[PDB]
């Protein structure tokens, strides 16, 4: 069918731009030249990151950026399009550091979207930056607009969309039109900020790239998988904040959509998006991490899963104890809590004391260091088999990942994703998706196909009775009901009739 999107972040800090070199990994660990022609062919999008919104309320580079060096770096990325006529070099505005609630630039995000005039100036600046530097689209990663700010955010996305469409016409770019994406929340707490208006958020986008990772971290009491596909009943559960969003739904409607507590998983986030009317599966992109999250002070018994831990949650990491044995990149980056897949492979291969274990419910690997009490949750080419099959079964738009520098030197994670979507000889028809917990919620946008006998006027229906009526299958919430389905509050729309 339609090719699945494969969207990889290229993140480069300002000091690495300003000192850019392709021949000294101690200055720039992952220069553009490491994205070989083979890797460029396996990507559909590279998200160059991160730009910001400045105090003038315009899209802008970090003001410390050497502009000549920035253009050189971007030009090296756009040169890769010679190897892949489908490849887009997007640019990403925001990210956690700039745009989180306490981030250095947060007020600029709030203010840029707040009024019609601000939105026009902001939208114009986005497209100007896109054209000036040669990017192929705009990606906005505000983490995250609050419920009160959502209407302005929506209007800003709509305005950027119109300007991008104008630019596509001006440049004759119908074969590769300029695109608009966002990085969206991948867990219900942040998602609840804008969930009620999800259809309006997604309408102007080519894709919403779900950040379906960081679902565990040092801010939680209990270690867990950070990107479990399905749930493990032995693992923690979470309050379903979506049931408190301003939806206007009834008790039965909320309960059917938002089981609580629930397992915080990739499947949960995807299904939460599909449950909403007007959110098409083809626009949902599943994010995956190319890094693991490491915890210390864990107990034994279950390989470090679901244990208390003593991992500092502060930023920056508060001391110089780099306790993730074998993680040389952690020493370089002064933080033992995150390890690239590239580094995790070496840690497993060296004499460092790790076991690689597998949770067959979550379909994800983890490392356990029994002697020191360490636990690492990460993803690999095996967990990507199940996630790729899920992407195909659920008819999602594709996959996104953070970030390209964390794949191994040979690009094995990217090559695996490309194989699972595109290789003619790859067969996952027999890949068993397991018995992990699925998110069972149903909403207006994901009604299952059902059959039931036609509703009969005058018949007295007991609680739980199912009838077909006017294109849908309905269930009584109590009994005895004689009203026509949809005419009052007694009937729940539970399914749709096949065409």
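Positions refer to the first chain, counted from 1.
Once the C-alpha B-factors are averaged per stretch, 354-362 and 299-307 rank with 299-307 first.
Between 405-413 and 422-430, the higher mean Cα B-factor belongs to 422-430. Of the candidates 379, 315, 139, 244, the PDB record gives 315 the highest C-alpha temperature factor.
Annotation for residue 131: C-alpha temperature factor in the highest third relative to the rest of the modelled chain, per the entry. The deposited CA B-factor of residue 293 belongs to the lowest third of values across its chain.
Residue-level temperature factors show residue 373 in the lowest third of its chain, judged at the C-alpha atom. Remark: residue 101 belongs to the middle third of its chain, ranked by C-alpha B-factor as recorded. The deposited CA B-factor of residue 114 belongs to the middle third of values across its chain.
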